[PDB]
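Protein chains in written order, with the entry's author numbering: chain K, 1 to 145; chain S, 1 to 102; chain R, 2 to 119; chain 0, 2 to 59; chain M, 1 to 49. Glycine included, C-beta positions come from ideal geometry on N, C-alpha and C.
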Amino acid sequence: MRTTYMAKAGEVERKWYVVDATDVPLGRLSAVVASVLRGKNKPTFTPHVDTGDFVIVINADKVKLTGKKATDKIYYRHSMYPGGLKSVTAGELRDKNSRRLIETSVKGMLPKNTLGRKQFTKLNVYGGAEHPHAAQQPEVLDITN
Amino acid sequence: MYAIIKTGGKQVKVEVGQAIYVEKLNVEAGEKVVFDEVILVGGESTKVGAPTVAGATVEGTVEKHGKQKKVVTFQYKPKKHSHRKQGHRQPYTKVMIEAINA
Amino acid sequence: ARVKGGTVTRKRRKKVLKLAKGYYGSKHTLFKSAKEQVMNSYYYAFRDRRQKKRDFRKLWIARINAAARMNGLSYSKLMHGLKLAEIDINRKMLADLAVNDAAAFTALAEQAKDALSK
Amino acid sequence: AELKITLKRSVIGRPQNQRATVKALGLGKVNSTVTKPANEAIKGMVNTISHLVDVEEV
Amino acid sequence: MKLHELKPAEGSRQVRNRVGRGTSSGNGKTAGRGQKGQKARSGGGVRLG
RNA sequence: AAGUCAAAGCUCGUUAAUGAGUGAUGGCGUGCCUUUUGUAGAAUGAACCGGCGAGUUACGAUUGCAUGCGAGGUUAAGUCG
RNA sequence: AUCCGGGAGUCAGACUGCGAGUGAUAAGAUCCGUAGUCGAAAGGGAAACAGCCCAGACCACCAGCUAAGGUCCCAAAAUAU
RNA sequence: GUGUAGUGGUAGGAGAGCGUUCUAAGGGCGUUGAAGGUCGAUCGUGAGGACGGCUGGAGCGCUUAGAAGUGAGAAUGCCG
């Protein structure tokens with residue numbers, strides 16, 4: 001034992017940010033977002049305390065898919081029954097249920113335990129153009145990342 | 001105050017009136033001790049320094065000579081037939097600090 | 002000359018047990034399984050005593066990442082400039098400074114910015 | 002003249018020629034150094050252990 | 001030389017070798033004999049020559 | 001494979017010393033023995049606790065250590081005890 | 001390194017560069033020559049992995065430099081020129 | 001003192017030690033509580049050793065040497 005800063009539970013203060021997704025490839029937007037959420041960029045990082053922030057994503061319809069993957073990046077599922085493999089979707093979810101897109105392409109790039117789940121419910125993604133959360137005064141981030 | 005010191009192979013942050021544990025020193029219980037090397041002088045006017053800020057010392061006295069608790073290291077190899085057994089009590093000399101940089 | 006086996010064994014076994022207080026079931030009242038558990042615990046203790054020294058470097062590194070990057074200094078170029086301007090702070094102290102004494106950390110970042118600028 | 006010789010590798014997995022050339026000079030552990038004169042035989046040993054040892058020409 | 005202070009001539013009495021008492025002596029589990037083979041049963045070994 | 005390293009909180013207060021109990025959460029991690037080129041093996045043995053349970057002795061032979069005499073050493077059977 | 005003497009285990013090997021045989025210039029095949037490692041070797045890389053690449057743990061520390069391999073996120077480091 | 005150097009390892013060879021019962025001499029403890037049992041946050045590099053609290057109620061330590069029915073987790077072991 002010696003002296004190294006170990007964040008407690010409540011001392012950490014979270015903020016609110018608003019990020020656009022207008023003409024950005026899916027990968028990199030998700031990457032920046034996922035890095036912000038886990039609590040990095042805060043020198044008070046602690047690898048078992050949830051020091052994250054709250055992210056709000058706008059215009060989830062105008063997200064960009066480079067080349068093909070408009071009609072080739074085939075998602076999947078399986079219903080745990082014989083012959084249940086339902087590959088239903090494609091890069092069509094941009095149209096419909098556009099929340100589903102980022103809510104997988106990020107719920108992948110996180111850890112896989114409770115911390116990596118309670119660190120996921122801080123996500124709020126809106127295909128539209130304006131959020132209802134003005135009750136909490138979110139700010140804006142930029143992307144040259 | 002606020003200062004940084006090289007002892008053993010490590011650094012430490014030092015403040016007036018608080019003790020500090022370090023490695024053995026070859027000095028007796030209750031004599032003065034001076035550390036040569038400083039790397040920073042903090043507080044409210046940071047004196048950053050090229051290695052070993054020139055002309056900065058740290059007094060302080062020694063109060064005890066005592067070892068730690070045992071760190072048993074028994075090794076064994078499975079499917080074969082072997083154990084080695086060990087023991088250890090590392091000695092560390094507690095040091096009370098007074099009169100940071102003069 | 003018949004040497005009986007009076008109490009040479011219980012000393013040994015009950016010395017093993019006490020070394021296994023609080024194991025998740027019948028691994029604290031079975032003189033056969035307590036021993037195997039103690040053995041594996043010894044292996045793990047040894048290995049991880051060599052990992053306690055690994056992590057804290059990766060941890061201080063991530064913290065220097067977070068704090069430094071805010072000043073436009075990537076976590077490489079900061080260390081590079083520092084080891085170029087002949088400044089030799091130890092990572093642990095750099096992490097501590099980055100967390101607490103923001104003014105001093107920014108002073109160092111300024112000196113480094115000046116350093117590799119040459 | 003003289004030569005400074007330093008081990009810069011490991012011998013694990015390299016044959017006796019390399020091992021028994023090294024041992025003959027005084028190279029036991031990594032980054033151990035030995036200073037030797039420059040005959041026309043020492044340079045031969047160095048040419049046979051080039052890849053395992055870097056050398057300054059003092 | 002008194003009864004309660006006896007000392008033997010130094011280097012004049014060895015100790016013994018009791019074989020098969022635990023893997024630290026170096027002679028447990030096959031009693032310094034190795035693996036199978038009729039040199040390793042009870043009373044193995046062939047006649048002389 | 002059920003732990004160890006890291007650790008918030010909660011309750012304590014000892015052979016008095018860098019204290020004890022528990023433990024949210026993170027990192028890492030495929031028992032023990034035997035036989036085998038090779039083991040977590042889906043090769044083979046143990047239900048658990050306790051007790052007993054395996055290189056010894058007599059007579060020869062040989063080499064090292066030591067001790068008493070040394071061109072010498074040395075008794076056996078047997079008698080008194 | 002040689003010589004004299006006291007005490008043994010070993011005689012079922014495996015894969016991988018290389019050069020040859022039988023095979024069908026097939027086999028994690030079989031049988032030899034030669035080098036390493038495994039057997040008797042833990043730590044890093046190859047997602048996990050005896051035999052591949054790097055390297056041989058007496059012990060302690062919440063210090064520093066590098067090899068193989070790497071530098072968007074899981075996961076430490078360049079969204080480098 | 002101080003320098004130099006080395007310290008993975010199965011079959012196996014070598015060396016030094018811990019512990020149990022008994023015998024011999026010397027010196028000791030014990031109803032003002034011995035052996036044995038339980039608990040404790042203690043000591044040595046190891047095997048291991050002390051100290052204190054409770055139970056228990058008649059014999060046991062320590063030093064030097066000697067002799068061994070002297071050390072157990074596995075035998076589809078044997079007895080409860």
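Asked: Once DSSP output is grouped into helix, strand and coil, what is the label at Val-27 (chain S)?; Found: coil
Asked: Which residue's Cα is closest to the Cα of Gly-116 (chain K): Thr-89 (chain K), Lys-86 (chain K), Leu-65 (chain K), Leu-37 (chain K)?; Found: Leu-37 (chain K)
Asked: Starting from the beta carbon of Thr-44 (chain K), find every residue of chain R whose beta carbon is closer than 7 Å, and list them in chain order.; Found: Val-100
Asked: For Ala-29 (chain S), which residues in the same chain have their Cβ closer than 8 Å to its Cβ, ignoring the five residues on either side in sequence?; Found: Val-62, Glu-63, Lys-64, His-65
Asked: Got a sec: is the Cβ-Cβ distance from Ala-2 (chain R) to anything in chain K below 8 Å?; Found: no
Asked: Taking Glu-59 (chain S) as the reference, give the member of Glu-15 (chain S), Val-71 (chain S), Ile-100 (chain S) with the closest Cα.; Found: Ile-100 (chain S)
Asked: Identify the contact partners of residue 1 (chain R) in chain K, using a Cβ-Cβ distance below 7 Å as the criterion.; Found: Lying before the first or after the last residue shown, residue 1 (chain R) is absent from chain R, which here runs from 2 to 119.
Asked: Answer yes or no: does any C-beta atom of chain R fall closer than 8 Å to that of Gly-42 (chain S)?; Found: yes
Asked: Helix, strand or coil for residue 1 (chain R)? Go by DSSP, reduced to three states.; Found: Here chain R has residues from 2 to 119 only, and residue 1 (chain R) is not among them.
Asked: Nearest to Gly-42 (chain S) by CA position, among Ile-4 (chain S), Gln-86 (chain S), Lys-69 (chain S), is which residue?; Found: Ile-4 (chain S)
Asked: How about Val-33 (chain S) and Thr-52 (chain S): are their beta carbons less than 8 Å apart?; Found: no
Asked: Within a Cβ cutoff of 7 Å, which residues of the same chain sit near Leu-117 (chain R), ignoring the five residues on either side of it in sequence?; Found: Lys-78, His-81, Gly-82, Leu-85
Asked: Listed from N- to C-terminal order along the chain, which residues in the region 35 to 49 of chain R have their beta-carbon within a distance smaller than 8 Å of any beta-carbon of chain K?; Found: none
Asked: For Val-12 (chain 0) versus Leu-26 (chain 0), is the C-beta distance shorter than 8 Å?; Found: no
Asked: Could you give the DSSP three-state label for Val-59 (chain 0): helix, strand or coil?; Found: coil
Asked: Alpha carbon to alpha carbon, how far is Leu-40 (chain S) from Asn-41 (chain K)?; Found: 26 Å
Asked: Roughly how many angstroms lie between the CA atoms of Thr-44 (chain K) and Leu-110 (chain K), to the nearest whole one?; Found: 19 Å
Asked: For the beta strand (DSSP E) that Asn-124 (chain K) lies in, which residues bound it at each end?; Found: 123 to 125
Asked: Please list, in chain order, all residues of the same chain as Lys-67 (chain S) whose beta carbon is under 8 Å from its beta carbon, the five residues on each side excluded.; Found: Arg-89, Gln-90, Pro-91, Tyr-92
Asked: Quick check: the region 61 to 74 of chain K against the region 83 to 95 of chain K, are there 3 or more CB pairs under 8 Å?; Found: yes
Asked: DSSP state of residue 151 (chain S), grouped into three classes?; Found: In the structure as shown, chain S starts at 1 and stops at 102, and residue 151 (chain S) therefore has no counterpart that could be examined.
Asked: What whole-angstrom Cβ distance do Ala-60 (chain K) and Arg-28 (chain K) have, given they're in contact under 8 Å?; Found: 15 Å between Cβ atoms; not a contact.
Asked: Compare the beta carbon distance of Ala-68 (chain R) and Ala-99 (chain R) with 8 Å and say whether it is the shorter of the two.; Found: yes
Asked: What separation, rounded to the nearest whole angstrom, lies between the Cα atoms of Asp-53 (chain K) and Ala-31 (chain K)?; Found: 15 Å
Asked: Taking 8 Å as the CB-CB cut-off, is residue 110 (chain S) touching chain R?; Found: Shown here, chain S extends from 1 to 102; a query on residue 110 (chain S) therefore has no answer.
Asked: Note down, in chain order, each residue of its chain lying with its Cβ closer than 8 Å to the Cβ of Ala-46 (chain R), except the 5 sequence neighbours on either side.; Found: none
Asked: Taking Cβ-Cβ distances below 8 Å as the criterion, which residues of the region 5 to 39 of chain K are in contact with chain R?; Found: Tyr-5
Asked: Give the straight-line distance between the Cα atoms of residue 61 (chain M) and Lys-29 (chain M), rounded to the nearest whole angstrom.; Found: Coverage of chain M is limited to positions 1 through 49, which leaves residue 61 (chain M) absent and any answer about it impossible.
Asked: Identify, in the order they occur along the chain, each residue of the same chain with its Cβ nearer than 6 Å to the Cβ of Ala-2 (chain 0), setting aside the five sequence neighbours on each side.; Found: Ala-39
Asked: Taking only the alpha-carbon atoms, compute the straight-line gap between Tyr-5 (chain K) and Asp-97 (chain R) and give it to the nearest angstrom.; Found: 7 Å
Asked: Candidates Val-19 (chain K), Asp-50 (chain K), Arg-2 (chain K): which alpha carbon is nearest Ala-9 (chain K)'s?; Found: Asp-50 (chain K)
Asked: Kindly indicate which residue of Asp-55 (chain 0), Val-56 (chain 0), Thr-7 (chain 0), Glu-57 (chain 0) has the alpha-carbon position closest to the one of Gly-29 (chain 0).; Found: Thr-7 (chain 0)
Asked: Should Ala-21 (chain K) be listed as close to the ligand FMN, given that the test is whether its C-beta is under 7 Å from any heavy atom?; Found: Ligands are entirely absent from the displayed structure, and the ligand FMN is therefore not among its contents.
Asked: Give a yes or no on whether 8 Å exceeds the smallest Cβ distance from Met-80 (chain R) to chain S.; Found: no
Asked: To the nearest angstrom, report how far apart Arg-50 (chain R) and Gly-128 (chain K) are at their CA atoms.; Found: 52 Å
Asked: Using a 10 Å radius around the Cβ and a threshold of 16 neighbouring Cβ atoms, would you call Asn-66 (chain R) buried or exposed?; Found: buried
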